[PDB]
Amino acid sequence: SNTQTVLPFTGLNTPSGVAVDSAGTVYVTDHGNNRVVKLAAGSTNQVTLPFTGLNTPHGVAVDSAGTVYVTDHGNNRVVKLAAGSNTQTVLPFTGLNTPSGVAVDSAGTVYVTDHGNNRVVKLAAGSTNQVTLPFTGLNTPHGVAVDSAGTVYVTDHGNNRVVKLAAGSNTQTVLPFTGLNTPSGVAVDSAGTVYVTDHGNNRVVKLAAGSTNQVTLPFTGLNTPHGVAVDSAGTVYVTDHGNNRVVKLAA
């Protein structure tokens, strides 16, 4: 599509992360209001999730059961909230410094970009021993995403590149993006196409699996965009952080 749609979120301030679940519900970290909000696919009615004590939150992720994970960036922690619950759980990630992106795979493993420590860390479901992924040479990384095979994609923001690591591998691969500047969010669809918020260039770019030639998506009027997400229909959602809005583009 050539026409983008501004979603009916309300009162957003410098929003950051965005995620979409398999039912099409859109979750957005409303960073400047210390809250996470959502819009179901069949709704125009925004709902605030009952997190508490958040401070400049960044990334957001959601699993199949509707459990929502948020990077509580200002408090150096990751918090999760089961659907409809008034219990939030601080995950046992330790030593975080200004953490940014968060992702969760089909097995419940949670991945966090520990931006201030130039590393990406993970916790398996129920685990209390955090594992640092053996990425090398990261500098101020931002976004993280995980595909259906457990391959982990990180936005190496300080080096203007996107790096991936297969599950269990010690050898990262730098994806053949070019011309990125301070990239932020990353997402991956079921065909392995990788979407990156090229934040410094106010655009979203995509790269198909096995391709070495990215293309810019026809979003318009973005300003310092942050998060990106893609649903099962190929619709792409971007947090237009500088314009306090979330925009979507159908394939």
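Residues numbered from 1 in each chain as written, not as in the entry; some residues may be left out. Heavy atoms only, no water.

1. Concerning the overall build of the protein
Then, number 1: The helix and strand inventory of the protein stands at zero helices and 24 strands.
Then, number 2: Relative to the 2.2 N^0.38 estimate, which gives 18 Å for 251 residues, the radius of gyration of the protein is 16 Å and therefore close to what a compact globule would have.
Then, number 3: Each principal axis of the C-alpha distribution contributes one length, and for the protein these read about 45 × 45 × 25 Å.
Then, number 4: Long-range pairs, those at least 24 residues apart, make up 37% of the contacts in the protein with a sequence separation of at least 6. (Helix = DSSP H or I, 4+ residues; strand = E, 2+ residues; numbered from the N terminus. Rg over C-alpha atoms; globule rule 2.2 N^0.38 Å. Contact = heavy atoms within 4.5 Å.)

2. A word on the pairing of strand 7 (residues 68–72)
Then, number 1: Among the five residues in strand 7, five count as buried, and that is most of the element.
Then, number 2: Here strand 7 shows no split at all, with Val-68, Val-70 and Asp-72 on one side and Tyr-69 and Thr-71 on the other all buried.
Then, number 3: Taken together, strand 6 (residues 60–62) and the strand that follows it, strand 7, pair antiparallel across an intervening segment of five residues, in which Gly-66 is found at a positive phi of about 80°.
Then, number 4: Pairing between strand 7 and strand 8 (residues 77–81): five bridges, direction antiparallel. Along strand 8, the bridge assignment pairs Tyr-69 with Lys-80.
Then, number 5: Counting the residues between successive antiparallel strands, the hairpin from strand 7 to strand 8 contains four residues, one of them, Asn-76, with a positive phi of roughly 55°. (Buried < 20%, exposed > 50% of the residue type's maximum accessible area, 1.4 Å probe, protein only. Pairing = 2+ DSSP bridges.)

3. Here's the deal with the sheet that holds strand 12 (residues 119–123)
Then, number 1: Judged by pairing direction, the sheet is antiparallel, and its four strands sit side by side in the order 10-11-12-13 without closing on themselves. Whereas interior strands pair on both sides, the edge strands pair on one side only; in this sheet they are strand 10 (102–104) and strand 13 (131–132).

4. Here's the deal with the sheet that holds strand 9 (residues 88–90)
Then, number 1: With antiparallel pairing, the four strands of this open sheet are ordered in space as 6-7-8-9. Looking at the sheet topology across the chains shown, the edges are occupied by strand 6 and strand 9. Here the average twist between neighbouring strands, direction ignored, is 25°. (Axes fitted to C-alpha atoms, helices over the stretch in contact; angles between N-to-C directions.)

5. Details of the pairing of strand 12
Then, number 1: With five bridges connecting them, strand 11 (residues 110–114) and strand 12 associate as antiparallel partners. Across the sheet, the residue bridging to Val-112 is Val-121, located in strand 12.
Then, number 2: Taken together, the two bridges between strand 12 and strand 13 define a ladder with antiparallel strand orientation. If you follow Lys-122 over to strand 13, its bridge partner there is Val-131.

6. Quick notes on the side chain of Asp-231
Then, number 1: As for its placement among the helices and strands, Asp-231 is situated in the loop between strand 22 (228–230) and strand 23 (236–240).
Then, number 2: No salt bridge is formed by the buried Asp-231, whose closest oppositely charged neighbour, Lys-248, lies at an N-O distance of 6.9 Å.
Then, number 3: A polar contact of 2.9 Å, which involves the side chain of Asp-231, links it to the backbone nitrogen of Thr-235.
Then, number 4: The residues touching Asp-231, leaving out its near neighbours within four places in the chain, are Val-20 and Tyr-237. (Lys, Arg positive; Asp, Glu negative; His and termini not counted. Salt bridge = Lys/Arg side-chain N within 4 Å of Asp/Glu carboxyl O. Polar contact = N/O pair within 3.5 Å; in protein donor to acceptor, adjacent residues only side chain to side chain.)

7. Quick look at the pattern of salt bridges
Then, number 1: Evaluation of the coordinates by the stated rule reveals six salt bridges.
Then, number 2: Here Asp-114 and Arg-119 are joined by a salt bridge, their closest N and O atoms 2.8 Å apart.
Then, number 3: On the basis of relative accessible area, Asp-114 is assigned to the buried category, the value being 0%.
Then, number 4: Exposure remark for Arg-119: the relative accessible area of 23% places this residue in the partly exposed category.
Then, number 5: Residues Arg-203 and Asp-198 are paired through a salt bridge, measuring 2.8 Å at the closest nitrogen-oxygen approach.
Then, number 6: By relative accessible area, which is 23% here, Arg-203 ends up partly exposed.
Then, number 7: Judged by its relative accessible area of 0%, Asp-198 is buried.

8. So, the environment of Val-236
Then, number 1: For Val-236, the position within the fold is in strand 23.
Then, number 2: Discounting residues that sit within four places of it in the chain, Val-236 has contacts with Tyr-195, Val-204, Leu-217, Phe-219, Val-228, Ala-229, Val-230, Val-247, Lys-248 and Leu-249.

9. Regarding the environment of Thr-71
Then, number 1: Relative to the helices and strands, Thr-71 is located in strand 7.
Then, number 2: Considered as a pair, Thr-71 and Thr-56 are 15 residues apart in the sequence and their alpha carbons are 9.0 Å apart.
Then, number 3: With near-sequence residues (within four places) excluded, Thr-71 lies in contact with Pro-57, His-58, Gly-59, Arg-77, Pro-99, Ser-100, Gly-101 and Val-102.
Then, number 4: Reaching out from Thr-71, the side chain makes a polar contact with the backbone oxygen of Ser-100 at a distance of 2.9 Å.

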